[PDB]
Structures are given as structure tokens and as C-alpha cells.
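**Q** Before anything else, here's the structure in question.
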Amino acid sequence: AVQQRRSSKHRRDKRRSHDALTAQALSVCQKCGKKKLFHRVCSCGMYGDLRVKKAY
Amino acid sequence: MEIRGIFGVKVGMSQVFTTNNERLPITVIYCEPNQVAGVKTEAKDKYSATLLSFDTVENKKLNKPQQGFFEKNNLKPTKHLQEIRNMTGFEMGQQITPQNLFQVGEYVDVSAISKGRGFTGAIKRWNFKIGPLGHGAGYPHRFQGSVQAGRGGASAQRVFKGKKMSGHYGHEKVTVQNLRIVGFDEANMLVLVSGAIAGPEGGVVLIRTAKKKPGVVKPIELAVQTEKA
Amino acid sequence: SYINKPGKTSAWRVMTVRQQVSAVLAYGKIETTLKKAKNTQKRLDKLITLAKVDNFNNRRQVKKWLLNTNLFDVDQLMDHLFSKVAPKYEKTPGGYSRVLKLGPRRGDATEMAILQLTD
Amino acid sequence: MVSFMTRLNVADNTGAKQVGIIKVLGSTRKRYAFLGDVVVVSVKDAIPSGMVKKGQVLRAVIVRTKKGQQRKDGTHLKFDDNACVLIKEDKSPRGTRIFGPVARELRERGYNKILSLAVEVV
Amino acid sequence: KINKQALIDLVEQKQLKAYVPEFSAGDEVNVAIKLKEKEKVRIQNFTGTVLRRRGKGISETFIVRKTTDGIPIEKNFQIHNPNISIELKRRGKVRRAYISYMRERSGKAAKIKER
RNA sequence: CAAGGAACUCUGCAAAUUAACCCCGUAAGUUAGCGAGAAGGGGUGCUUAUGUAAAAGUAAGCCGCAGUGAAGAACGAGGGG
RNA sequence: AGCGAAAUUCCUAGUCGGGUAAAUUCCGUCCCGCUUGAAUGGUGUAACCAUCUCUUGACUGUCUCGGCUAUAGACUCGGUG
RNA sequence: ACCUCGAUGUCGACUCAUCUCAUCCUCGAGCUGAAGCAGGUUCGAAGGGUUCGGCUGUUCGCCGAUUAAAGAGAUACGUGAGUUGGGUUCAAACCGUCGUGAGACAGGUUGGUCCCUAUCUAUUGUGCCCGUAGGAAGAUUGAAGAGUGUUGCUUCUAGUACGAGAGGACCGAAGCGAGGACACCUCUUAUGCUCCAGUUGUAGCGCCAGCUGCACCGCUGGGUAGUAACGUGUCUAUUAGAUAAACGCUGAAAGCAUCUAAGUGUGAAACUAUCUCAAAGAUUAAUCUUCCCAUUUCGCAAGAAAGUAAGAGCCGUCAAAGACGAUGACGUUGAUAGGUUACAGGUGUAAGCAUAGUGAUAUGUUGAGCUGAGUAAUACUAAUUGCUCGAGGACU
């Protein structure tokens with residue numbers, strides 16, 4: 001393991017171009033009508049009607 | 001030599017005693033009569049073979065193109081298909097009765113996909129040696145170490161091409177020959193075959209006439225345990 | 001290796017499983033990792049099913065899986081389970097508890113899930 | 001599998017006590033010690049009353065193996081001890097009153113000289 | 001399509017036996033084995049105590065040890081095997097299905113044998 | 001980790017076994033101290049009764065893979081400087 | 001005097017006996033002592049050595065002949081770097 | 001002393017081998033003061049193999065043991081960004097020799113400081129997006145590649161021939177071998193630490209019992225699925241071609257002979273395939289099949305709302321898959337995983353009661369109890385009623 005110079009600038013960005021974070025495909029909520037995300041809980045808390053998450 | 005073929009799934013490993021003071025592990029392969037997808041006579045196809053479909057699934061679990069070709073060819077929706085080569089004597093909608101097309105004693109070959117192993121060491125699939133297991137010096141016991149190609153001014157000052165390094169090990173469709181035939185069960189359309197088949201128990205098993213021999217029938221070695229009280 | 005934190009061990013895992021199953025029996029809702037929820041629910045439902053035979057042999061058999069809490073203790077937990085929790089669960093052949101997947105945790109971005117017991 | 005330098009007692013009535021392998025007859029990386037395999041031995045301990053010099057390099061045939069041997073008939077004959085017989089110049093033993101059983105795995109190779117007088121063949 | 005895995009046993013209806021008594025790993029039995037050299041066929045009544053009684057239907061193997069000239073000779077046989085006759089002699093009591101400590105047992109030092 | 005037991009090399013270096021207590025036994029040499037706890041062998045669990053201040057122990061019986069039962073215990077012998 | 005290929009021998013792997021199928025490792029044996037050798041003392045010596053050598057019983061993953069069980073790193077994820 | 005002194009780690013031991021043939025054999029053949037077997041030289045000739053020990057720091061060197069075989073050369077006398085260092089290029093302690101002397105002995109016994117978190121090219125497998133050119137889903141193939149290209153004994157033919165006899169075959173057929181590959185771990189092994197059981201101390205579960213923690217995980221014996229091997233099955237062939245060594249045929253130069261001048265066949269373990277496997281980013285994008293698409297009017301031309309419907313993807317369950325990706329099935333109409341029950345299979349008569357026992361305890365209840373993976377029913381639980389890219393022959 002050894003290197004004899006420093007890295008470039010564009011290739012450095014290309015290496016960091018593969019470091020993109022994960023994406024999130026949102027989903028609509030029929031339980032309450034607010035924003036939500038797929039396979040997760042809603043904002044109000046209702047799930048299969050079963051309201052389970054408290055806002056406060 | 002029109003090499004007949006048959007598909008199935010290996011659904012068991014057993015051991016059946018035979019003659020000549022020996023026992024032979026006899027596996028079982030289960031399948032159902034398949035439906036031919038088509039035939040190829042070599043004039044522009046560049047080879048002669050027969051595409052056969054199998055693993056029939058229900059209609060709502062298949063894409064429109066393939067299933068549409070299936071009903072247009074008088075076939076049911078199937079999950080898989082493959083071409084058996086050097087064999088074209090098919091007719092349309094032929095239900096596969098393998099116990100008649102294959103006798104009880106020929107030496108046949110079997111193709112199957114192996115069990116996947118991912119990224120493993122080099123002692124498997126290449127069969128090399130490892131470092132010092134003991135003897136009390138340092139802490140190496142399994143490594144490659146020497147990968148020398150040249151160390152100097154112009155000896156090689158590079159590396160060779162082609163690596164005997166295991167990639168995604170396992171799950172490769174390979175054909176092994178010299179498998180004998182043992183018996184048949186028409187009730188379940190199952191075939192008892194000498195020797196286990198590669199891959200997970202239940203994987204694809206293709207049985208065809210072998211190339212090492214043109215098919216030599218051997219008699220059944222009578223060792224059935226009819227010894228009751 | 002030199003002296004250090006041993007990470008996580010099977011004994012620790014089973015002890016944590018016992019801790020959470022006793023806690024959820026005490027209250028009825030526990031937040032955790034989904035993997036741990038799947039690990040715990042097997043023993044949880046097996047024990048609930050065992051509680052429906054209603055004999056002292058079951059009382060002996062279930063004793064190696066109960067821990068105390070601030071509100072209740074092992075004896076109180078087992079008596080409550082045998083008296084009121086079990087008679088409700090005679091109308092379901094398994095699937096006694098429910099796990100609901102929440103959002104990621106705010107400390108390590110871990111998939112969180114809340115496990116509760118509802119008939 | 002027994003490798004080398006192993007000590008074993010005698011079975012045929014010859015008059016020796018301890019013997020050790022001096023040359024394993026076979027091939028490179030044989031790594032197997034099945035029965036009926038000829039081997040070259042040296043008598044590590046021969047009392048003077050016997051007919052074999054102590055340390056005489058001679059030919060033996062192993063009839064018992066503490067390692068064992070997996071039978072392919074579906075049965076399995078296993079020995080818990082290592083024993084052999086000293087063959088004199090073709091296949092015949094130097095002992096007469098055979099003591100202990102002998103395996104049938106060497107019957108396929110003949111050796112009727114030993115098996116015509118042994119106690120039992122298994 | 002479906003693999004019931006009952007076909008494992010549905011094909012075993014050929015290699016089975018019903019003459020073998022149900023014994024344990026602490027019982028003394030005997031078995032006659034033929035030795036056919038094309039004439040003067042011998043019969044070996046190999047007898048002794050069992051050290052393992054286990055099987056899965058085709059894996060029904062068992063180990064039996066005899067003492068000849070002081071030498072303990074142990075042989076294993078599959079239940080589904082031609083040219084055997086498993087004749088039971090006496091049944092003791094054992095706690096495990098595979099034991100190996102009795103090879104050190106000798107006369108006036110063996111375990112108590114059940115009637 | 002079945003089996004080989006130092007065959008790998010200068011290669012017995014971490015590697016196993018002997019251990020606590022109790023009862024025999026212990027070679028050569030010795031300047032008479034030793035060697036020596038040489039080396040080599042055997043027992044320890046439970047119950048009953050006896051011992052005693054208890055202690056081990058004692059006699060009878062019991063079991064199984066064991067009975068310092070887990071955690072704590074010495075490998076050496078011979079030749080040369 | 002003593003010992004002698006030495007804790008030291010160019011010729012040397014000198015030679016003999018044995019352990020060793022195999023042994024400049026070990027011991028003793030002879031001696032043109034290149035250049036051994038009594039107060040930079042010798043010969044041998046009684047136990048012992050957190051020294052080495054070889055033989056021996058005992059213990060083997062020491063290799064035959066590979067890994068196993070689980071973690072710890074490792075690898076993805078989030079925070080710092 | 002040409003090139004490196006502002007380094008370009010040199011003996012090893014080790015795993016891996018690679019290249020050459022001026023080869024040891026497995027090959028074929030020529031000839032031989034080759035009666036035959038057993039032979040010897042040479043030719044074409046590198047596909048493959050060419051071991052296990054002690055001894056010397058030592059790959060140098062001795063012999064031991066076999067096999068058809070224990071061949072030689074080059075890789076920094078191969079490989080310390082691969083590991084300890086045994087002499088040797090750290091020290092010294094001691095013997096001997098020598099210098100008047102600090103000290104030298106390339107003589108001798110002993111010990112003896114090996115760091116590197118992988119940047120780029122090759123590189124093992126997969127990936128982000130894109131192309132395969134109306135869109136999408138498949139089926140293919142074979143330019144070029146890889147493995148396979150190893151090999152002995154016994155029996156029959158055959159003690160037949162030859163040779164007075166001894167000695168004693170070359171060919172072919174079968175079995176058995178060795179190494180290696182491939183598969184499964186049905187049998188057996190180590191292992192299978194939230195499985196069971198024997199099982200002791202201590203301290204907890206109110207106490208006796210029956211549980212619990214630690215004692216490796218208390219030790220020990222087994223064991224579901226499953227890993228691997230020492231577990232068991234196969235294979236090294238046949239065939240189309242072709243020169244090579246050698247024999248040639250007709251046959252001239254050189255009125256014949258003469259393999260050569262035209263072709264011809266016999267024709268090497270070697271060569272190309274036949275055997276097995278990936279493969280069109282193989283842009284030489286090669287070949288084929290299927291499914292889908294039809295709302296004027298503008299805007300640098302076909303979108304002004306239709307904007308896949310063919311499908312694929314985000315996400316969850318799975319998973320014998322498995323560094324993350326990854327591919328495959330399921331997505332509620334869903335048996336896709338988990339659960340309840342049942343089964344395979346394994347552990348082993350559960351606790352308690354009763355009888356005898358003052359009491360260690362023996363028997364019945366009981367083939368009872370139990371378990372993480374293997375199997376079956378079962379929507380009992382979850383994967384719900386979601387979101388993104390994504391239709392019109394642009395061009396020959």
C-alpha cells in the first residue's frame with residue numbers, strides 16, 4: 001500500500017459521485033390523508049385504522 | 001444418435017443395496033409430462049434442437065408475450081424453458097412420457113445448477129495449500145502470499161493475465177456424464193437414478209443420453225429387501 | 001484478543017429476549033429492532049399458547065422465561081397471565097401479537113418496530 | 001489414517017512383540033491405510049525365542065486397523081486395534097497357530113495360506 | 001410442482017423388514033451371515049451387545065461387538081441388508097441410543113444385565 | 001477433532017497429560033545431606049451406623065461416563081560441558 | 001602432569017563401536033597437538049540450573065488433512081474522523 | 001567499473017507455479033557384434049507427472065525407500081507493500097591463534113529489533129446509468145475462450161512363439177490401482193454454544209423439592225437442518241482431419257534404381273474439435289420470436305392534454321441466495337415468511353403420585369416429557385386501499 005502523488009479533482013468527484021444517498025419513494029395516506037411513506041407508519045398514527053403513534 | 005432428454009427436480013437422496021456386495025445411493029427425480037415449445041431443423045437456425053417448456057404456472061403469474069405465444073402454440077403458461085439439442089423428433093403438444101423414451105439401464109448424463117457459495121477462498125475450486133497451521137510463528141494460517149510475476153528492472157514489472165480466483169462461487173449449470181438408470185414410478189412420473197444431482201435438493205435436473213457411451217443397458221441388480229417375518 | 005467489550009453474545013441476546021417479553025407481558029407495548037421483535041415473538045406466542053393448558057405443569061414450564069419489572073414481579077406476572085391474559089386468547093390459533101414498523105431510529109438510523117399484544 | 005512410525009503387536013504365532021513401519025508401500029499422497037495392503041516393516045522388539053531378528057526389514061500385511069475401514073456392502077467392519085501378519089517370501093505367514101480373528105477384505109486378493117489356518121474370517 | 005417429501009417414504013415400500021426386533025443400545029443379540037464361496041457356504045453367527053440403535057427408515061444401521069481371543073471385533077450392519085437373520089437373545093436397559101464406554105467392560109466388570 | 005505421534009525443520013516454542021488430601025513404593029551416586037513429593041501405583045460421590053470436640057476415617061449398601069466430581073494445583077528419566 | 005578433531009583440528013565428513021534402514025546431532029577410541037595444555041590453573045567431582053544437545057515413556061492439528069461453534073474487527077447504515 | 005550510493009533488502013524454509021527442451025518416463029519410430037525376454041544410440045518430440053527421511057545454516061552435497069519416472073536449466077541464485085528468523089549484514093559472553101597495543105580471526109558453543117489503514121494499470125465476481133437505434137420480454141448461436149490433455153498392476157489372450165532349454169514377450173479384452181476434477185454430505189466422523197439429557201458447588205427463584213446465574217457455555221454424551229472430510233459414484237476414452245519420425249507406391253533427373261519432382265496411404269503420449277461450461281459492450285451489438293402502441297391545432301416539428309397499457313423499478317416478506325448491491329418467488333385474489341396443530345427426525349420414561357426403602361434408592365403411572373433450522377394444512381400475524389421510469393415506425 002503506497003502512493004506517490006495526490007489525487008485529481010474530477011476523478012475525486014466521480015468517486016464521490018457513487019456516494020449518493022438512498023432515495024425514498026413516498027406514498028399517499030388513506031388512513032388520515034396527510035403525508036406518509038411506503039411500508040411505514042403515518043403522521044397521525046392510524047394504521048389499518050389502528051391509530052398507534054401519538055403526535056406528542 | 002438422437003439424444004432424448006427429460007427434465008425434473010431431484011426430490012430425495014437415498015441408498016439402495018445392489019448386487020456384487022455393494023450398495024449404491026439411489027436418488028429420485030420428480031416431474032410431469034411437459035409440452036414442446038418448438039423444434040429447430042438446421043437450415044438457418046445453425047443447429048437442430050427442440051425447445052421444451054416446463055414448470056407450468058397459472059395464467060396470472062406470467063408476462064403477456066410468453067403466455068400469448070403459449071396459447072398461440074397450444075401451450076399452457078410455464079415458468080421455464082430450455083432447448084434439448086441433437087433431438088428433433090417431437091410433435092406438437094407432445095406430453096413427455098420419459099419411462100418409455102428412456103430404458104432402465106443406459107449410462108446417461110445429468111445437467112444441473114450447483115449450490116451457490118458466493119465469495120469464498122481459493123483452496124476450493126482451485127485446490128491450493130494454506131500457510132502454517134501451527135509451529136508457533138506469527139499469526140498466518142491461510143493466505144495466498146506469493147503471487148510473483150517479476151520483481152526487478154525489466155524482469156516483468158507487471159502482473160500476468162487470468163486469475164484462478166473464485167468469483168461468485170456456485171450456482172453454475174454443469175453437465176456430468178456416466179450416470180446410470182435404476183427405476184421408474186409411473187404413479188408419480190418419478191425416476192430413480194444412480195448418484196446424487198448437484199445443487200439444492202429440488203433444483204433443475206436434465207437427464208439426457210450421454211456422450212461417453214451410446215447408451216448401454218445394464219440389468220437391475222436384485223437386492224430388494226423382501227426379507228419379512 | 002486483548003481485553004475489550006465482547007460486543008454481543010447469545011447469552012446476552014436470550015437475556016434481552018426474556019427482558020422484553022416480560023416487559024411486554026407487564027405493559028403491552030415495546031419498541032425495539034425489527035430483528036429482535038421477530039426473535040422475541042416466537043417465544044412470546046409459544047408461551048401464550050402454553051398458558052392455555054391451565055395446569056401447574058405449565059406453571060413450572062414457563063418459569064424459565066419470566067423477569068420482574070418496576071410495576072410487577074415474576075409471580076404477579078405469571079398469575080396475571082394465567083388468570084386474565086390466557087382466557088382471552090382461546091379464539092385465535094396463533095398470531096397473538098402484532099408488530100408495526102415505525103421510522104428509522106434517531107441515534108443510528110436503525111429500522112424500528114413496536115410490538116404489542118392485542119387479540 | 002495411520003501415517004508412519006506406528007508400533008503394533010503380532011497376531012500370528014511367530015515370536016515377536018513389537019513392530020514398526022519402515023516403508024509404507026503404495027504411492028505418493030496415498031493417505032489411506034485400507035486392509036489387504038502390503039507394507040514394509042521392521043521388528044521393533046523381537047525376543048530371541050522368535051525366528052525373526054529384532055529390526056529385520058520384512059514384508060507385512062495389515063489385518064487390523066484402529067483407524068477402521070468403511071465397508072461398501074452397506075455393512076461396516078471396524079477394528080479398534082492395529083495388527084498385521086509377517087508374510088514369508090510370497091504371501092505365507094511365519095506364524096502357524098493364528099491368534100485372533102482375521103478380516104475377509106484380503107480374501108479378494110487370495111492369501112489362502114493364512115486363511116486356511118486362521119481362527120475365523122470376518 | 002409440489003414436493004410433499006412423503007415420496008421419500010412412499011418409495012421405501014420395497015426395502016423394508018419386519019423380522020428385526022426393536023432393541024436398544026444395551027441389548028445382546030445375534031445375527032447369521034452367509035459366506036458363499038460358490039460351495040461349502042459357511043454361516044457366521046456374529047453375536048454380542050449393541051452400541052447404537054438408530055435410523056431414519058433407510059439409515060437403520062446398528063453396531064454389534066463380539067469378543068474373540070480377547071480382541072473386540074465390532075461390525076455395523078444396515079437393517080435393510082440381504083443375507084442376515086437378526087435373532088434377539090436378551091434385552092437390557094440403556095439410557096442413550098449410542099454408547100461407547102462398554103468396550104472397556106470385561107468379565108466381572110460389565111454392567112448389570114436386565115432379565 | 002477418528003488414526004498416525006515429532007516423520008515439517010535448528011525446529012517438543014504457546015500444545016495435552018502427573019496436581020488438593022490420604023496409603024505403599026522409590027534406583028544410582030552421595031561429601032551422608034539427600035536424592036525423593038524420585039520414578040511408579042491406588043481411593044475420594046451419596047446413605048446408614050461407629051468414631052470424635054469435630055475432622056478425615058472405619059464396616060454395610062447404592063448408582064452411573066465420572067465420584068479434589070464445576071472454578072485450584074508438579075511431566076519427566078538417561079548421556080555430555 | 002592431564003586431555004586430545006576439545007567450550008579449540010587447515011588436512012576432516014580423519015578413524016573405530018553403537019544407538020540411527022538413514023545421525024559433521026551423542027558418547028567413548030587412537031593420535032607430526034597447523035596453534036591443546038597447572039595459578040588469562042588442570043583433571044574429575046555431591047544436588048540444582050526461568051541453558052543447549054540427542055535417546056526414552058507419556059501428549060498431541062506438529063503435519064498428514066481441513067476446517068468447525070460463536071463473536072471481535074471486517075461489510076453495509078447513521079454521527080465524528 | 002558501463003547503471004543505480006539522496007537503497008535498486010541480498011541465503012533461506014514455506015504455498016504457487018510458469019517458460020524452454022539440450023528429456024527420466026508415460027509417446028511413436030530408425031538402426032544395433034538386437035537368437036528371444038530383458039536391451040542400447042538417435043530421431044519427431046514437451047500434454048502430463050517426475051516423492052517421502054535423516055544428515056551439513058543451506059535450495060549445494062551423502063545415502064536411505066519406491067515408482068514408468070525421482071531430468072536440467074530461468075524467474076532479484078522467484079516471490080519480508082506475503083510470516084518467525086536458523087547461520088549469516090545489531091551486541092556480547094567464552095576457547096584457540098596472532099599483534100608490544102587499543103584489538104583482528106571471511107575459525108569455532110550460544111542468544112539475537114521484519115513497519116506499512118491498498119493510490120493507479122492487470123485483476124477475482126457484481127454493480128450506477130446507458131447502447132443494442134418504434135418501445136418492451138424472451139429464445140438462441142458460436143469469432144474468440146477455460147477445464148478436461150495423467151497413469152501402473154493382475155487375469156484372459158499366452159508360457160503361445162522364439163529359444164535344446166533356461167529365459168520367455170511385443171497386440172488386444174476385463175478387473176483392480178494411484179493423483180486430480182465434479183457432486184452430495186442419504187452411511188460414518190469434527191461440528192451443529194437461545195436443543196435435550198446425566199450431572200456438582202456456591203448463591204438467588206419464601207422455604208423441602210422443582211427452576212435460575214456463574215463455574216468455557218460448569219463438565220460430559222448425543223443430536224434437527226446444515227458445513228466440511230476420513231464419508232461414496234464417475235471420468236482420462238472413441239471418432240473426422242493433418243503433417244511430424246519411419247516406411248512408402250508409380251517414377252524420372254541419371255533409357256534402371258530412386259517416397260518426390262505431381263498426389264497417394266500407413267501414419268507421435270503431440271495438434272483442432274468431438275466431452276463439459278460462460279459468452280453479441282463480440283458497438284463483427286450477429287440471428288429469430290413474441291407482446292404493446294393510433295386524439296387535429298403550435299412550439300427549431302409533430303406534444304398543445306392525453307405521456308405503456310408492453311413492462312420494469314421504489315418498498316416489505318422471504319434467501320439452501322447472500323461483503324452492500326445481487327438474482328428468484330410472493331405481494332393479500334397473498335401459503336411468500338413467521339405462528340397453531342400435525343409429521344419426519346433426535347433427546348430420552350418429564351414433574352408429581354403410588355409401592356418397597358429409616359435411609360443412597362429400585363418399579364409402575366410413561367415410549368412420557370421436550371426441541372433453532374427439514375416436511376403438511378392453515379390468511380392466525382405481516383407483505384394492505386400506495387409511489388417512480390415507462391405508449392405513437394424519429395432514420396437507411
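Labeling convention for the C-alpha cells: chains A, B, ... as they appear, residues from 1 per chain, ligands from 1 in order of appearance.
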Using only C-alpha atoms (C1' of nucleotides), determine which residues lie at most 12 Å from residue 29 (chain G), disregarding the query and same-chain residues fewer than 5 positions distant; provide the list as a VMD selection string.
**A** chain G and resid 4 15 to 17
**Q** Determine, counting only C-alpha atoms (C1' of nucleotides), which protein, DNA and RNA residues have an atom within 10 Å of an atom of region 26-39 of chain C; residues of the same chain fewer than 5 positions away are not included. Present the result as an MDAnalysis selection string.
**A** (chainID C and resid 13:14 16:17 20:21 44 67:74 76:78 80:81 97:102 104:105 110:118) or (chainID H and resid 194 338)
**Q** What are the residues of chain B that have an atom within 8 Å of an atom of chain H, counting only C-alpha atoms (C1' of nucleotides), as JSON, numbers by chain?
**A** {"B": [13, 14, 15, 25, 45, 46, 63, 64, 65, 66, 68, 69, 115, 116, 118, 119, 128, 129, 130, 131, 132, 137, 138, 139, 140, 144, 145, 146, 147, 148, 149, 150, 151, 152, 155, 158, 159, 160, 161, 162, 163, 164, 165, 166, 167, 168, 173, 174, 175, 176, 177, 178, 179, 195, 196, 197, 198, 200, 211, 212]}
**Q** Which chain D residues are at most 8 Å from chain G (counting only C-alpha atoms (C1' of nucleotides)), as a PDB file with C-alpha atoms, in the first residue's frame?
**A**
ATOM      1  CA  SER D   3       0.796 -42.455   8.718  1.00  0.00           C
ATOM      2  CA  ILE D  22       9.726 -48.688   7.981  1.00  0.00           C
ATOM      3  CA  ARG D  31      -3.112 -41.120   2.679  1.00  0.00           C
ATOM      4  CA  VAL D  57      13.151 -55.353   7.408  1.00  0.00           C
TER       5      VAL D  57
END
**Q** Given only C-alpha atoms (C1' of nucleotides), how would the per-residue table for chain E near chain F read, listing every residue at most 12 Å away with its closest atom pair and distance in Å to one decimal, sorted by chain and number, as a tab-separated table?
**A**
residue	atom	partner	partner_atom	distance
E:94	CA	F:64	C1'	11.0
E:95	CA	F:64	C1'	10.3
E:96	CA	F:65	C1'	11.4
E:99	CA	F:65	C1'	9.5
E:100	CA	F:65	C1'	9.4
E:101	CA	F:65	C1'	7.2
E:102	CA	F:65	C1'	10.2
E:104	CA	F:65	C1'	11.8
E:111	CA	F:64	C1'	10.0
E:112	CA	F:64	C1'	11.4
**Q** Excluding residue 16 (chain F) and residues on its chain fewer than 6 positions from it, collect all residues at most 12 Å away from it, counting only C-alpha atoms (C1' of nucleotides), and give them as an MDAnalysis selection string.
**A** (chainID F and resid 75) or (chainID G and resid 58:60)
**Q** Okay, now the selection with N, CA, C and O atoms (P, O5', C5', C4', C3', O3' and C1' of nucleotides), as a PDB file, in the first residue's frame?
**A**
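Listing of result.pdb after writing:
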ATOM      1  P     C F  75       3.983 -28.850  34.941  1.00  0.00           P
ATOM      2  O5'   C F  75       4.379 -30.008  33.922  1.00  0.00           O
ATOM      3  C5'   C F  75       5.653 -30.634  33.989  1.00  0.00           C
ATOM      4  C4'   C F  75       5.516 -32.107  34.275  1.00  0.00           C
ATOM      5  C3'   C F  75       6.800 -32.849  34.599  1.00  0.00           C
ATOM      6  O3'   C F  75       7.243 -32.651  35.929  1.00  0.00           O
ATOM      7  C1'   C F  75       5.548 -34.099  33.040  1.00  0.00           C
TER       8        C F  75
ATOM      9  P     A G  58       3.933 -44.416  25.316  1.00  0.00           P
ATOM     10  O5'   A G  58       3.260 -43.197  26.091  1.00  0.00           O
ATOM     11  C5'   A G  58       2.624 -43.392  27.347  1.00  0.00           C
ATOM     12  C4'   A G  58       2.462 -42.086  28.080  1.00  0.00           C
ATOM     13  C3'   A G  58       1.804 -40.967  27.285  1.00  0.00           C
ATOM     14  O3'   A G  58       0.390 -41.056  27.294  1.00  0.00           O
ATOM     15  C1'   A G  58       3.765 -40.150  28.320  1.00  0.00           C
ATOM     16  P     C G  59      -0.471 -40.433  26.090  1.00  0.00           P
ATOM     17  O5'   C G  59      -0.447 -38.869  26.381  1.00  0.00           O
ATOM     18  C5'   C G  59      -1.639 -38.099  26.347  1.00  0.00           C
ATOM     19  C4'   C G  59      -1.390 -36.753  25.717  1.00  0.00           C
ATOM     20  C3'   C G  59      -1.442 -36.718  24.198  1.00  0.00           C
ATOM     21  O3'   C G  59      -2.761 -36.612  23.691  1.00  0.00           O
ATOM     22  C1'   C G  59       0.512 -35.617  24.943  1.00  0.00           C
ATOM     23  P     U G  60      -3.322 -37.712  22.663  1.00  0.00           P
ATOM     24  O5'   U G  60      -4.154 -36.860  21.604  1.00  0.00           O
ATOM     25  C5'   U G  60      -3.610 -36.551  20.329  1.00  0.00           C
ATOM     26  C4'   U G  60      -3.019 -35.163  20.302  1.00  0.00           C
ATOM     27  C3'   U G  60      -2.562 -34.657  18.943  1.00  0.00           C
ATOM     28  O3'   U G  60      -3.635 -34.148  18.170  1.00  0.00           O
ATOM     29  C1'   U G  60      -0.889 -34.219  20.562  1.00  0.00           C
TER      30        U G  60
END
**Q** Just list the residues in region 7-47 of chain E DSSP gives alpha helix (DSSP H) on the backbone, as a ChimeraX atom specification.
**A** /E:7-10
**Q** Filtering to N, CA, C and O atoms, could you give me those residues as a PDB file, in the first residue's frame?
**A**
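Below is the file out.pdb, written as the result:
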ATOM      1  N   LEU E   7     -42.906 -38.764  -0.643  1.00  0.00           N
ATOM      2  CA  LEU E   7     -42.369 -39.691  -1.633  1.00  0.00           C
ATOM      3  C   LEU E   7     -41.072 -40.329  -1.158  1.00  0.00           C
ATOM      4  O   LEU E   7     -40.668 -41.376  -1.678  1.00  0.00           O
ATOM      5  N   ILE E   8     -40.401 -39.709  -0.185  1.00  0.00           N
ATOM      6  CA  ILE E   8     -39.223 -40.322   0.420  1.00  0.00           C
ATOM      7  C   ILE E   8     -39.578 -41.672   1.023  1.00  0.00           C
ATOM      8  O   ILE E   8     -38.834 -42.647   0.868  1.00  0.00           O
ATOM      9  N   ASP E   9     -40.718 -41.756   1.702  1.00  0.00           N
ATOM     10  CA  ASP E   9     -41.181 -42.990   2.323  1.00  0.00           C
ATOM     11  C   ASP E   9     -42.056 -43.834   1.410  1.00  0.00           C
ATOM     12  O   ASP E   9     -42.083 -45.058   1.554  1.00  0.00           O
ATOM     13  N   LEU E  10     -42.778 -43.213   0.473  1.00  0.00           N
ATOM     14  CA  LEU E  10     -43.619 -43.970  -0.446  1.00  0.00           C
ATOM     15  C   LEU E  10     -42.816 -44.852  -1.392  1.00  0.00           C
ATOM     16  O   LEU E  10     -43.374 -45.810  -1.940  1.00  0.00           O
TER      17      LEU E  10
END
**Q** List as a ChimeraX atom specification the protein and nucleic acid residues near residue 64 (chain C), meaning an atom at most 10 Å away when only C-alpha atoms (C1' of nucleotides) are counted, but skip any in the same chain fewer than 5 places from it.
**A** /C:18 /H:205,211-212
**Q** Which polymer residues have any atom within 8 Å of an atom of residue 51 (chain E), counting only C-alpha atoms (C1' of nucleotides), with same-chain residues fewer than 4 positions away left out, as a count of residues only?
**A** 10
**Q** Taking only C-alpha atoms (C1' of nucleotides) into account, report as a list in words which residues of chain C lie within 7 Å of chain H.
**A**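 The answer, sorted by residue number, is residues 10, 14, 57, 63, 64, 92, 93, 94, 95 and 98 of chain C.
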**Q** Name the residues of region 18-106 of chain E that fall into strand (DSSP E) according to DSSP on the backbone, using the chain letters and numbers of this document, as a PyMOL selection string.
**A** chain E and resi 28-35+42-54+61-68+71-78+86-90
**Q** What is the distance between CA of residue 35 (chain B) and CA of residue 97 (chain B), in Å to one decimal?
**A**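 Between CA of residue 35 (chain B) and CA of residue 97 (chain B) the gap works out to 10.9 Å.
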